[PDB]
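Asks: Provided hereafter are the protein sequence and its experimental coordinates.
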Amino acid sequence: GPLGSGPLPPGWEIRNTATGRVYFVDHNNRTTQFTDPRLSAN
Amino acid sequence: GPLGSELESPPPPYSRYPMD
């Protein structure tokens, strides 16, 4: 998949759902998302 | 009506650690 080869911003962190699927954890908003903020940003 | 959408729901909860 169109992942994002690079360090996450000052709040996000990569993780996985055990099964193997990798998700993103936002420490600023306190949420999640399989998407990478690096992909969709401004 | 080919309503097809993947992901955008499965991502576990925030919390902090990696927990499905």
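Replies: Cool, the structure landed. Numbers count the residues shown, from 1 in each chain, chains lettered A, B, ... in the order given.

Asks: can you list contacts of stretch A:1-11?
Replies: Outside stretch A:1-11, the residues within contact range by Cβ atoms under 8 Å, 6 or more residues apart in numbering or on different chains are A:14, A:24, A:26-29, A:36-39. (Each C-beta comes from the backbone N, C-alpha and C, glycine too.)

Asks: cutoff 6 Å now
Replies: A:26-28, A:36, A:38-39 (Cβ atoms under 6 Å, 6 or more residues apart in numbering or on different chains).

Asks: closest one of those residues to residue B:10?
Replies: The nearest member of the contacts of stretch A:1-11 to residue B:10, counting by Cβ to Cβ, is residue A:36 at 14.9 Å.

Asks: count the residues that sit near the closest residue to the closest one other than its chain neighbours.
Replies: Nearest residue to residue A:36 in three dimensions, chain neighbours excluded: residue A:4, at 4.1 Å (Cβ to Cβ, 6 or more residues apart in numbering or on different chains). The number of residues packed near residue A:4 is 16, by other Cβ atoms under 10 Å in any protein chain shown.

Asks: what about residue A:4, distance to residue A:12?
Replies: Remark: distance between residue A:4 and residue A:12 (Cβ to Cβ, to the nearest Å) = 10 Å.

Asks: try residue A:38
Replies: According to Cβ to Cβ, residue A:38 and residue A:12 sit 8 Å apart.

Asks: neighbour-wise, which of those two wins?
Replies: residue A:12 (18 against 15).

Asks: now the more buried one, which residues is it bridged with?
Replies: Beta-bridge pairing for residue A:12 (DSSP bridges): residue A:26.

Asks: which ones are touching the residue nearest in space to the middle of chain A?
Replies: With the centre of chain A defined as its mean C-alpha position, the nearest residue by Cα atoms, centre = their mean is residue A:24, 2.7 Å away. Applying Cβ under 6 Å, 6+ apart, we find residue A:24 in contact with A:12, A:33, A:36.

Asks: for chain A, which segments count as strands?
Replies: Secondary structure of chain A (DSSP state E): strands at A:12-16, A:22-26, A:31-33.

Asks: residues of chain B that sit close to chain A?
Replies: B:7, B:11-12, B:14, B:18, B:20 (Cβ under 6 Å from any Cβ of the partner chain).
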